[PDB]
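Peer 1: Once you've had a glance at the structure underneath, I'll fire off some questions.
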Amino acid sequence: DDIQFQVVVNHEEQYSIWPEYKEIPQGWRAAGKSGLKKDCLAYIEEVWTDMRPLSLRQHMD
């Protein structure tokens with residue numbers, strides 16, 4: 001850690017980390033957490049508990 005990351009989320013409500021210094025790629029947006037890698041990873045673990053893509057949840061539920 002020395003690099004600030006942002007947690008990013010796509011339209012399927014899947015999460016990744018992305019360096020703050022880079023432009024967020026098309027199809028992704030800020031998910032509401034910036035920080036060191038470990039803190040971003042902790043956040044994703046906290047919030048991503050149903051790992052089915054959103055469209056799969058919609059089809060199954």
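Scheme for the structure tokens: letters A, B, ... for chains in order shown; per-chain residue numbers from 1; ligand numbers from 1 in order shown.
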Pull the helix (DSSP H, G or I) assignments for chain A out of DSSP run on the backbone, and list those residues as a list in words.

Peer 2: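 Residues meeting the helix (DSSP H, G or I) criterion: residues 37, 38, 39, 40, 41, 42, 43, 44, 45, 46, 47, 54, 55, 56, 57, 58, 59 and 60 of chain A.
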
Peer 1: I want to know what sits within 10 Å of residue 43 (chain A), based on only C-alpha atoms, with residues of the same chain fewer than 3 positions away left out; could you give that as a PDB file with N, CA, C and O atoms, in the first residue's frame?

Peer 2:
```pdb
ATOM      1  N   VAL A   7     -13.049   1.565  -4.975  1.00  0.00           N
ATOM      2  CA  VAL A   7     -13.904   0.409  -5.291  1.00  0.00           C
ATOM      3  C   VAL A   7     -14.827   0.824  -6.423  1.00  0.00           C
ATOM      4  O   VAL A   7     -15.436   1.895  -6.363  1.00  0.00           O
ATOM      5  N   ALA A  31     -18.115   3.054  -6.412  1.00  0.00           N
ATOM      6  CA  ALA A  31     -19.065   2.379  -5.542  1.00  0.00           C
ATOM      7  C   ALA A  31     -19.147   2.978  -4.144  1.00  0.00           C
ATOM      8  O   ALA A  31     -19.878   2.455  -3.303  1.00  0.00           O
ATOM      9  N   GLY A  32     -18.393   4.049  -3.887  1.00  0.00           N
ATOM     10  CA  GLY A  32     -18.472   4.746  -2.600  1.00  0.00           C
ATOM     11  C   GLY A  32     -17.421   4.368  -1.568  1.00  0.00           C
ATOM     12  O   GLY A  32     -17.684   4.416  -0.361  1.00  0.00           O
ATOM     13  N   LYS A  33     -16.229   4.004  -2.031  1.00  0.00           N
ATOM     14  CA  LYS A  33     -15.109   3.736  -1.135  1.00  0.00           C
ATOM     15  C   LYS A  33     -13.771   3.973  -1.841  1.00  0.00           C
ATOM     16  O   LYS A  33     -13.528   3.395  -2.900  1.00  0.00           O
ATOM     17  N   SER A  34     -12.935   4.836  -1.254  1.00  0.00           N
ATOM     18  CA  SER A  34     -11.544   5.026  -1.679  1.00  0.00           C
ATOM     19  C   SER A  34     -10.633   4.689  -0.512  1.00  0.00           C
ATOM     20  O   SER A  34     -11.029   4.815   0.645  1.00  0.00           O
ATOM     21  N   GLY A  35      -9.408   4.284  -0.813  1.00  0.00           N
ATOM     22  CA  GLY A  35      -8.463   3.974   0.243  1.00  0.00           C
ATOM     23  C   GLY A  35      -7.355   3.064  -0.213  1.00  0.00           C
ATOM     24  O   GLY A  35      -7.227   2.763  -1.407  1.00  0.00           O
ATOM     25  N   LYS A  37      -5.396  -0.507  -0.614  1.00  0.00           N
ATOM     26  CA  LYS A  37      -5.891  -1.772  -1.142  1.00  0.00           C
ATOM     27  C   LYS A  37      -6.637  -2.606  -0.093  1.00  0.00           C
ATOM     28  O   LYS A  37      -7.756  -3.067  -0.347  1.00  0.00           O
ATOM     29  N   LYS A  38      -6.027  -2.805   1.078  1.00  0.00           N
ATOM     30  CA  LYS A  38      -6.649  -3.647   2.104  1.00  0.00           C
ATOM     31  C   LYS A  38      -8.030  -3.115   2.543  1.00  0.00           C
ATOM     32  O   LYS A  38      -8.955  -3.895   2.749  1.00  0.00           O
ATOM     33  N   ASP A  39      -8.167  -1.796   2.660  1.00  0.00           N
ATOM     34  CA  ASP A  39      -9.438  -1.198   3.076  1.00  0.00           C
ATOM     35  C   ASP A  39     -10.490  -1.319   1.987  1.00  0.00           C
ATOM     36  O   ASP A  39     -11.654  -1.601   2.275  1.00  0.00           O
ATOM     37  N   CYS A  40     -10.074  -1.153   0.737  1.00  0.00           N
ATOM     38  CA  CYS A  40     -10.987  -1.383  -0.386  1.00  0.00           C
ATOM     39  C   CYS A  40     -11.438  -2.849  -0.454  1.00  0.00           C
ATOM     40  O   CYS A  40     -12.616  -3.123  -0.667  1.00  0.00           O
ATOM     41  N   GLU A  46     -17.335  -6.818   2.679  1.00  0.00           N
ATOM     42  CA  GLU A  46     -18.488  -6.400   3.495  1.00  0.00           C
ATOM     43  C   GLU A  46     -19.778  -6.298   2.655  1.00  0.00           C
ATOM     44  O   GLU A  46     -20.834  -6.797   3.062  1.00  0.00           O
ATOM     45  N   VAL A  47     -19.670  -5.709   1.463  1.00  0.00           N
ATOM     46  CA  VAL A  47     -20.855  -5.358   0.657  1.00  0.00           C
ATOM     47  C   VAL A  47     -21.269  -6.406  -0.404  1.00  0.00           C
ATOM     48  O   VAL A  47     -22.441  -6.475  -0.788  1.00  0.00           O
ATOM     49  N   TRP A  48     -20.314  -7.194  -0.885  1.00  0.00           N
ATOM     50  CA  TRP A  48     -20.601  -8.173  -1.936  1.00  0.00           C
ATOM     51  C   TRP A  48     -20.816  -9.562  -1.336  1.00  0.00           C
ATOM     52  O   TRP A  48     -19.916 -10.403  -1.318  1.00  0.00           O
TER      53      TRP A  48
END
```

Peer 1: Could you name the residues that touch residue 61 (chain A) at 12 Å or less, counting only C-alpha atoms, but leaving out those on the same chain fewer than 6 positions away, as an MDAnalysis selection string?

Peer 2: chainID A and resid 52 54:55

Peer 1: So the first atom is CA of residue 10 (chain A) and the second is CA of residue 36 (chain A); what is the distance between them in Å, to one decimal place?

Peer 2: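 So the answer is 20.5 Å.
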
Peer 1: Could you tell me which of A:17, A:30, A:60, A:44 comes closest to residue 3 (chain A) if we count only C-alpha atoms?

Peer 2: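 Smallest separation from residue 3 (chain A) among the options: A:17.
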
Peer 1: Out of chain A, which residues get strand (DSSP E or B) from DSSP, as a count of residues only?

Peer 2: 19

Peer 1: Could you tell me which of A:20, A:12, A:1, A:45 comes closest to residue 58 (chain A) if we count only C-alpha atoms?

Peer 2: A:12

Peer 1: Between A:13, A:59, A:8, A:41, which residue has the minimum interatomic distance to residue 25 (chain A), considering only C-alpha atoms?

Peer 2: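 Ranking A:13, A:59, A:8, A:41 by distance to residue 25 (chain A), first place goes to A:8.
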